[PDB]
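First, one chain by itself in structure tokens, the form deposited in one PDB entry.
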């Protein structure tokens, strides 16, 4: 008998043990959490608006011919502003994939600009990390621009940018324009206007949302905390909750506000998690603000929301699509528990089960490769011929990569986890493709973390191994505590 587990696509994955029974408040981001934007339509809209802003501000008319290609960008790429590269890197700064425009650079050539295939993430001035779902269009746009200027006759390619006559245009200054333009599209409400004038096209709607939030509110408190203003929030949330019946079968509809003990807009995250801004109440009928302490607030800070709800830190499960630094953990008061929404997980899981044959083959090749070396040790002069096998391993591995997209898996390249995966393991207690998967779990559930196995763990059997062990290895090899010395796996 093997362990029971819910169906794969309904699962909530566990990084750190979490006893859901102790959770008293449920907190939601809105954007890409409750309001899931349809893909690739939303990225494309963001792409078009940014390109148009750039053109309206001096960039060549050629850009208007770019079309967003959803198959190219993977989230979490690092843009190197010195050399104009998109880089997929691991948790430690090692290069996995390097693309200059649409040209993927192989290993040997990479060492020219990166002699140890290494970058220092610390160099925030040089390296910009494109972690967010909103960063997707600009990730593609950056590649489009570098490709454009590289192959445009009017320009002269250099190491750190382009010559336009006697004039130099660095990748760095070009990056600033793109960054400024993306900011512009968002904060000018250009994007927001187009989204609300066509909700069906851009925003996913699902009857399960009101059901899950309903059930949460029966067991504890529910709050929203979004950077968006009330007006846009009201438009979006009305849409999400717009069904002829409430969530209980045969029940009548009710306002989205009804599902919340506390609604917070203009959150200004991430400053919100520090001292944020003064909390003010919102009169929804007039739109008049008033500092101090209806259930609609603007601004404030995470500590203030925690006070308003009568919650302590670890009583709160905060659900959202965004990875924040160690900011919460640094404070002297208890930080929140976290649930990270990662929509790509939906596609990634499909590859995991539907491309089963590719994994199979990779495993056979590995098994056969080990056979070739089976009889060899340090006294062996033999050099088995493996070039055919490797060649096939590379071909199958690349096919697998392409299953995810041109930039491969969000979580890995080959045997290496990405910086993004590493950040997920660091910040998220739980994760899933959507928060709606909580539907499939009781509120008393004990979320238990599975071990992440090191090589000597994953590849050594618990079977007792039947010559003496070298003393070079064994080194010639207080009242002890009578009760368990740690408690992180039970969450108590």
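Positions refer to the first chain, counted from 1.
- Unmodelled deposited residues between residue 466 and residue 467: 1 to 3, per the record.
- Look at the mean CA B-factor for 468-476 and for 5-13 in the entry; the higher one is 468-476.
- Just going by the entry, 93-101 versus 349-357 on mean CA temperature factor gives the higher value to 349-357.
- Reading the B-factor column for the CA atoms of 76, 210, 320, 165 in the entry, the top value corresponds to 165.
- Residue-level inspection of the entry shows that, of 179, 121, 215, 221, 121 has the top Cα B-factor.
- Sort the modelled residues of the chain by CA B factor and residue 81 lands in the lowest third.
- Annotation for residue 382: C-alpha temperature factor in the highest third relative to the rest of the modelled chain, per the entry.
- Sort the modelled residues of the chain by CA B factor and residue 18 lands in the lowest third.
- In this PDB entry, residue 126 carries a Cα temperature factor that places it within the middle third of its chain's modelled residues.
- Among the modelled residues of the chain, residue 187 sits in the highest third by CA temperature factor in this PDB entry.
Another form, the form deposited with a small molecule bound, is not on view; read the next lines as being about it.
- Exactly one of the stretches 244-252, 264-272, 302-310, 139-147 approaches the small molecule in the entry with it bound with heavy atoms within 4.5 Å, and it is 264-272.
- Note on contacts: among 217, 194, 350, 121, the single residue with a heavy atom within 4.5 Å of the small molecule in the entry with it bound is 121.
- Of the candidates 282, 87, 316, 419, 419 is the one whose heavy atoms come within 4.5 Å of the small molecule in the entry with it bound; the others do not.
- The small molecule in the entry with it bound is approached by residue 423, whose closest heavy atom lies within 4.5 angstroms of it.
- When contacts are judged by a 4.5 Å heavy atom cut-off, residue 155 does not count as touching the small molecule in the entry with it bound.
- Residue contact check for residue 129: one or more of its heavy atoms lie within 4.5 Å of the small molecule in the entry with it bound.
- Contact check for residue 100: no non-hydrogen atom falls within 4.5 Å of the small molecule in the entry with it bound.
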